[PDB]
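All remarks here apply to the structure that follows.
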Amino acid sequence: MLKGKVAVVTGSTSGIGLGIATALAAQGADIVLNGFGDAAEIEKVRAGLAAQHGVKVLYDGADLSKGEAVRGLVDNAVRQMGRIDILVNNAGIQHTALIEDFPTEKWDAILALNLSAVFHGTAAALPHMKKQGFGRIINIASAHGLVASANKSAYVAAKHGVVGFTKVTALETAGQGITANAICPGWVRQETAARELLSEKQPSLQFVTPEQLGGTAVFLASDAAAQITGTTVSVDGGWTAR
Amino acid sequence: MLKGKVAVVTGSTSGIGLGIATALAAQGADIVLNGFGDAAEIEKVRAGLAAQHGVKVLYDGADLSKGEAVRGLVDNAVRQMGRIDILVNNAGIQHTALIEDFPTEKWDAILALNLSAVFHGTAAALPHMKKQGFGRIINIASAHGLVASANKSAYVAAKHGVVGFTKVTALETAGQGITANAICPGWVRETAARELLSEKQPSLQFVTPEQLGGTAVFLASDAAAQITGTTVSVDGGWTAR
Amino acid sequence: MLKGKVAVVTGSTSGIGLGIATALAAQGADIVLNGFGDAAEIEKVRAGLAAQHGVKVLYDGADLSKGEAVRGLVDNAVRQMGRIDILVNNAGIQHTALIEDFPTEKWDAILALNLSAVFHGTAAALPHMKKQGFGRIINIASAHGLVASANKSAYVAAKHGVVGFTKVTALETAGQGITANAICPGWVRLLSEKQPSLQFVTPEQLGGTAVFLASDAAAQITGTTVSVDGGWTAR
Amino acid sequence: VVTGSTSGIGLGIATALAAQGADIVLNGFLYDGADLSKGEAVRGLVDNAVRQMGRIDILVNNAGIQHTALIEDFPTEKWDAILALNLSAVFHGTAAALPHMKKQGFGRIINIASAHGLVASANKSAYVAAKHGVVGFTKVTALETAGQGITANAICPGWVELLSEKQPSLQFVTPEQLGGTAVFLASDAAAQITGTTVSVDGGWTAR
Ligand SMILES: NC(=O)c1ccc[n+]([C@@H]2O[C@H](COP(=O)([O-])OP(=O)(O)OC[C@H]3O[C@@H](n4cnc5c(N)ncnc54)[C@H](O)[C@@H]3O)[C@@H](O)[C@H]2O)c1
Ligand SMILES: NC(=O)c1ccc[n+]([C@@H]2O[C@H](COP(=O)([O-])OP(=O)(O)OC[C@H]3O[C@@H](n4cnc5c(N)ncnc54)[C@H](O)[C@@H]3O)[C@@H](O)[C@H]2O)c1
Ligand SMILES: NC(=O)c1ccc[n+]([C@@H]2O[C@H](COP(=O)([O-])OP(=O)(O)OC[C@H]3O[C@@H](n4cnc5c(N)ncnc54)[C@H](O)[C@@H]3O)[C@@H](O)[C@H]2O)c1
Ligand SMILES: [Mg+2]
Ligand SMILES: [Mg+2]
């Protein structure tokens with residue numbers, strides 16, 4: 001369990017991030033949600049998680065494309081929740097196109113959110129975690145942080161950058177009660193159609209779910225994973241095995 | 001929880017294997033212990049786990065150096081336990097020496113146990129798991145299954161082979177409710193301790209059988225249904241640099 | 001030999017880049033040098049290679065921290081040299097500090113040059129190489145593009161990013177007579193902490209490696225990394 | 001010395017090394033025929049090379065067989081064979097070449113693994129496993145010879161459209177390309193290239 005602990009999950013207003021925030025809340029961790037979408041639906045999710053799990057849940061609408069806003073999210077989490085034990089850097093965006101046709105604006109945006117926000121979040125969290133003698137940085141990368149796919153140059157580059165940054169984070173904090181790891185998901189979600197689309201990269205022909213990724217984050221945040229650091233955990237149904 | 005499931009752990013009469021068997025027993029899984037040791041000591045361990053965790057625990061001392069003995073362990077597990085949901089290939093041995101001075105005897109011994117045993121054990125279990133529509137093969141490799149160190153060629157070669165074998169197992173079982181992964185541990189066990197770990201383990205802290213047991217429990221969980229054909233490094237940063 | 005071929009090497013005014021530009025010139029390739037340092041020395045180098053190897057050697061001092069400038073380097077290279085067969089993205093900088101103490105300005109500068117310049121240069125070169133039906137993109141990453149070291153977050157992240165970008169480049173050009181690879185050097189001048197051989201890597205060796213990747217013997221070597229680190233990544 | 005150089009890649013590498021002016025010692029089924037499936041023969045072919053050739057500077061372990069079948073149907077017979085040659089031979093060959101090279105103060109061990117020494121494919125458990133084994137063995141060899149003038153590396157080839165599934169380049173790799181690669185690895189430019197792999201797979205492992 002994670003009672004008494006505080007977890008900040010970027011881009012948790014929906015999808016994978018919400019699945020992770022939910023799983024952590026279910027372990028008794030207080031949560032700080034983040035991301036965009038419909039404000040009423042967001043408040044419903046925030047209020048609902050707090051009630052369903054008996055934990056404190058706040059919403060911070062910080063725009064992660066801005067370095068200072070990312071750092072502010074972490075520092076405010078500490079001010080309001082009293083500490084920060086788990087930081088899940090999850091928010092990300094995508095754009096497909098040949099390298100020569102890839103807009104510089106899109107390249108910069110993907111690098112800023114998918115990679116630099118990991119830097120800014122981590123930088124702000126580390127001083128608190130070191131003083132706490134406890135920390136868990138969980139970066140949601142991708143199978144594309146380990147291998148490549150055509151037409152996703154910026155995304156692949158940024159995700160590879162995250163895996164490398166994660167390793168450095170682990171080395172700088174080794175032995176200080178802090179670990180840093182990167183979860184690398186395969187595809188996340190007519191049955192014939194689905195299996196056909198997954199056939200290309202995902203051998204299991206099964207989609208990875210937000211609940212499964214949430215369970216993986218919960219494991220990394222547990223004491224059993226105290227010595228799991230600077231590594232990647234592939235949840236890709238065999239994507240990278242071949 | 002793993003109530004109603006049966007887990008076979010090779011080389012579990014002590015150390016890491018026992019740590020894994022214990023964590024699995026704590027989740028409610030019936031256990032099949034394996035390995036060598038003192039009859040009384042082993043029985044104390046076996047009876048103790050069964051009583052403490054309220055599950056059935058069998059002990060099979062099959063010598064895993066022989067391929068038929070390995071498959072026999074699995075068959076005997078299904079025969080006596082009724083099924084096999086989880087197989088943890090853990091048994092292993094080591095021998096240090098330069099390549100030109102590495103006894104061929106030792107080379108063949110390390111490969112037979114550290115690698116071929118995984119093949120034999122896996123072959124025997126798959127038929128049952130495929131029929132059940134569920135299975136978890138957890139191979140305990142090592143950091144040396146990903147990187148290397150001087151004077152341990154057979155060990156490193158075997159461990160690498162295990163990683164490769166794990167991926168194939170995963171590919172052949174994809175989507176059939178069966179996963180296969182390899183846990184790659186770093187140093188497993190104050191100033192001296194740190195000095196000894198300083199060379200390979202950044203954390204300067206040992207990995208524990210309990211932690212590896214918790215890692216096996218995670219891999220056997222439903223949250224890990226889509227984690228297959230990969231490695232989980234529990235090395236305190238060993239492989240990050 | 002690379003007679004009739006044009007190679008552009010970023011950051012070739014010294015160290016590794018110069019070692020690679022030189023090695024490629026010795027193979028008959030025309031060269032476009034780039035980078036900073038002393039102007040008089042740069043001219044001596046440029047004229048010296050052209051005369052000593054009998055090839056056209058040009059100098060373009062484009063500041064590669066600027067995307068448009070990188071694209072301009074390649075386009076002007078096609079204008080003045082007539083073609084571009086080899087693109088060696090080598091230019092890079094470094095900064096060391098704990099992540100929490102790492103200046104945002106340094107993180108941005110390292111990503112801009114060490115990673116984004118590889119994108120801009122590749123983006124500009126591809127249209128030409130595809131039309132030509134030939135191309136060789138060689139990115140100089142680092143052992144830090146495969147593993148990490150404490151206090152070098154921006155550098156390690158950027159190098160890893162380069163390794164990944166190289167893989168995508170290879171896949172988008174697969175089979176079009178174009179290959180994209182990354183050379184990952186170890187230390188280049190206690191060396192025992194990272195490099196087992198206890199021997200530094202040299203610009204000459206790296207140059208020789210670039211020549212091979214540029215040769216036809218490596219026509220099917222693409223989307224991979226070639227470690228020249230004396231055992232760094234082995235352990 | 002180039003094992004399994006009686007044809008295919010082994011011959012391609014053998015050839016390429018010839019065009020460079022290095023005395024060659026062929027093998028398979030000077031010339032030798034030692035059965036590499038026997039650690040006895042393998043170790044012999046090496047020492048027999050330094051005997052009749054005067055010395056050994058480049059050892060290329062290329063011998064290897066294949067067999068496909070689900071793991072549970074994979075004959076223990078085949079498994080042991082694929083392992084015996086595809087992997088154990090590299091240990092025997094290398095074990096017999098090190099004392100010589102170390103004394104010579106120079107050496108180039110070139111193991112011919114496969115893309116299957118880095119990734120895997122269904123129904124090739126024994127081959128994939130021995131290949132990964134080669135990669136690991138190659139790395140240990142380097143660490144034990146680091147700074148002694150000897151390097152150990154592994155070439156991991158792809159297919160040598162029916163390759164659409166594994167090779168995006170959709171083009172086969174050739175024995176000469178592999179030969180040139182071997183030539184390069186033997187080059188003085190590869191003095192610091194040790195303990196690593198070189199993938200020649202048209203982008204196989206990149207995705
Ligand atoms: N979808 C997949 O199958 C898949 C594959 C593996 C890796 N990934 C990675 O998983 C993570 C989650 O992806 P997802 O599929 O749940 O996506 P999603 O779009 O469902 O969720 C992204 C979240 O990011 C937030 N966000 C975006 N830009 C932001 C900004 N500037 N500031 C603050 N918040 C911002 C959104 O509000 C949203 O809640 C991403 O990092 C992605 O790259 C996803
Ligand atoms: N301890 C470490 O630091 C470390 C590092 C990473 C990897 N490893 C791996 O961890 C695993 C467990 O090692 P450990 O350190 O717990 O050692 P251990 O000696 O404590 O346990 C090994 C077990 O294997 C059993 N065994 C040995 N030969 C056998 C045979 N022929 N048949 C059946 N059982 C046999 C023994 O009876 C024993 O219970 C091994 O696979 C090892 O390679 C250990
Ligand atoms: N030990 C090592 O030296 C080592 C380790 C492995 C990787 N690396 C990488 O090798 C590559 C070559 O660097 P080096 O070690 O020869 O160092 P160097 O400083 O001698 O060479 C770097 C070159 O980059 C050029 N440069 C810098 N900023 C530029 C800009 N804005 N625009 C255009 N050119 C610019 C310089 O003028 C110089 O010629 C770098 O990418 C570096 O990160 C070096
Ligand atoms: Mg792959
Ligand atoms: Mg290492």
Side-chain angles (χ1 to χ4, degrees), chain A residues 23 143 146 163-164 166-188 198-199 202-209 211-220 222-242, chain B residues 23 143 146 163-164 166-188 197-198 201-208 210-219 221-241:
Chain A
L146 301 170
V163 167
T166 296
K167 296 175 194 173
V168 181
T169 301
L171 296 176
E172 294 184 8
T173 59
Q176 297 188 57
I178 299 162
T179 75
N181 296 288
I183 295 173
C184 301
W187 282 316
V188 182
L198 302 171
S199 173
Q202 209 138 300
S204 77
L205 298 179
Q206 296 171 297
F207 282 96
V208 175
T209 70
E211 297 59 42
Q212 295 171 347
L213 292 174
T216 303
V218 165
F219 169 65
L220 292 179
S222 72
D223 297 327
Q227 288 309 317
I228 295 185
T229 194
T231 204
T232 57
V233 173
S234 296
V235 185
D236 58 21
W239 186 313
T240 51
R242 59 176 191 191
Chain B
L146 301 177
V163 178
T166 302
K167 302 170 188 176
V168 181
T169 308
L171 298 185
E172 284 175 37
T173 55
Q176 311 191 210
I178 299 168
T179 74
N181 297 285
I183 293 169
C184 301
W187 283 87
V188 176
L197 293 171
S198 297
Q201 203 137 298
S203 71
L204 300 189
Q205 307 170 306
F206 287 92
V207 168
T208 70
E210 198 172 325
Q211 291 167 355
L212 295 176
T215 302
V217 169
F218 170 62
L219 289 174
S221 75
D222 294 329
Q226 287 313 313
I227 295 177
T228 200
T230 195
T231 62
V232 173
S233 294
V234 187
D235 58 21
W238 182 318
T239 53
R241 64 186 186 180

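The figures that follow rest on heavy atoms only: side chains count, while hydrogens, waters and symmetry mates do not. Within every chain, numbering begins at 1; the chains are lettered A, B, ... in the order of the sequence lines, protein sequences first and strands thereafter.
- For B:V207, the parts sitting under 4.5 Å from any heavy atom of chain A are the backbone and the side chain alike.
- Atom CG of A:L220 and atom CZ of B:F218 lie 7.0 Å apart (nearest 0.5 Å).
- The candidate from A:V233, A:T216, A:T173, A:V168 with the greatest count of non-hydrogen atom pairs under 4.5 Å with chain B is A:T216.
- Of all heavy-atom pairs between B:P202 and A:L171, the closest is CG-CD2, 3.9 Å.
- No part of B:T208 comes within reach of chain A, as not one of its non-hydrogen atoms sits under 4.5 angstrom from that chain.
- Using a 4.5 Å cut-off between heavy atoms, A:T231 contacts chain B through its side chain alone, with no backbone atom that close.
- Contacts with chain B were tallied for A:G238, A:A23, A:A174; A:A174 has the most, counting heavy-atom pairs under 4.5 Å.
- Of the listed residues (B:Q211, B:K167, B:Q176), the one with the most heavy-atom contacts under 4.5 Å to chain A is B:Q211.
- Identified by a heavy-atom distance below 4.5 Å to chain B, the contributing residues of residues 223-230 of chain A are A:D223, A:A224, A:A226, A:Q227, A:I228, A:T229, A:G230, in residue-number order.
- Every residue two or more places apart in sequence or in another chain was checked for a side chain to side chain donor-acceptor pair (under 3.5 Å) with B:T169, and none qualifies.
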